[PDB]
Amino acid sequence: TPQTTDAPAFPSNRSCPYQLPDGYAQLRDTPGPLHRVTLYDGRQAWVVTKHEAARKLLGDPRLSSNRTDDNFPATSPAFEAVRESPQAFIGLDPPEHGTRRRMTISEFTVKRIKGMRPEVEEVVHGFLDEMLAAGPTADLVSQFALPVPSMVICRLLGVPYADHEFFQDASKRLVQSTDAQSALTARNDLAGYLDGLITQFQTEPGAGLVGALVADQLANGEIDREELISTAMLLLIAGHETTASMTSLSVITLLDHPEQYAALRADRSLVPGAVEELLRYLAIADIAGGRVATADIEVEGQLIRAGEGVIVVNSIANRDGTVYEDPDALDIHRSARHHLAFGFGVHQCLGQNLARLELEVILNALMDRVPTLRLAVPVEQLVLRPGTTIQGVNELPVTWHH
């Protein structure tokens, strides 16, 4: 009759945009690096819930990133579209992972990201121009948080922004669908589009990273055509959805901590540190922590057995009080160094410094151009995405001094 379990259902949903779900707070407080959970289909898996243990297991080659493994810890039926072959390098292990990742790294270097700053500022202020010209109220998501990173990543990739309604919609359907059929359709829509773009570039060599992969690696048989599609799709979707969620959740969080938001406005040298703290605190991508053991792993007396699924839950690890004193306190002045919002090791987020640039430019622009920005509804009225996808809000009504 008692319902207590030692393998609670995973994932949990946030009720507050920037707070751990109650069940995650429970996992955070329970000693030990690992904890059993039950996934949507009844299967048991391990979650990693402490900070150094998370780094250790992210660096352990025995925890494979191969999503096509039958034992990979899928958290929803929609996962079967990500289990579609071929995998982009996020789903590959060394040595294949490295050969594919190095086809893309040149677009994400510190020198390239620095070169992008004028363009990102132009895009950010252009969409602010438009949203502010029309006056309040507005949905910050559709009008600003999503189009800005979309326009930026399209230029990076060589994908025509003219088609943005098409791939923004497909991107949403892929990331947010709860059934395999809906996800597979969205994936097929994007794949067919990207396959046509490849053919166009074979006719007329094109700009951007897709153009470069077509002209070089594909022409040399060094990447499969369908790998190129998967790779472009990874970057296109991650380029859209991640940054947009950080923007909306950071605005919500900062407006709920007005003393720190005011301190940030008063001293813009605090923005880089504030971005690190917001990344640590909001940790929007637990959905990207899944691994499968290819061999037994001993972890501080607990045994992960070959064939078991393991989810490195970076949001919980980022609230490890042995690393971040008073971990559930937002503190833009703390050292948020070593946070795991981008992962750790060979798969650490390729876009991390583009994301850091965009959030810095965005926060500075909002504080510059809309210092009176405020939510047009109460926080409790917003609808948070579930834990089976990237954290965030699908709409964010805002107003300001016209």
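The first residue of the shown sequence is 1; numbering continues from there. In this text, rigid core is short for the largest set of C-alphas that superpose within 1.5 Å between two forms.
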item: Core-aligned Cα RMS comparison in 6 other deposited structures of this protein - stretch that moves more, 82 to 90 or 178 to 186; value: 82 to 90
item: Stretch with larger C-alpha RMS deviation in 6 other deposited structures of this protein, core superposed, 158 to 166 versus 129 to 137; value: 129 to 137
item: Mean C-alpha temperature factor, higher of 49 to 57 and 338 to 346; value: 49 to 57
item: Mean Cα B-factor comparison, 68 to 76 or 217 to 225, giving the higher one as deposited; value: 68 to 76
item: Residue with maximal Cα B-factor (values as given in the PDB entry) among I390, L384, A9, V379; value: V379
item: Residue with maximal Cα B-factor (values as given in the PDB entry) among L197, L236, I332, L132; value: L132
item: Third assignment of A365 from its chain's C-alpha B-factors; value: middle
item: Modelled-residue ranking by C-alpha temperature factor, third containing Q352; value: lowest
item: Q87 - which third its CA temperature factor falls in, relative to the rest of the chain; value: highest
item: For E276, the third of its chain into which the C-alpha B factor falls; value: lowest
item: B-factor third for the C-alpha atom of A170 within its chain; value: highest
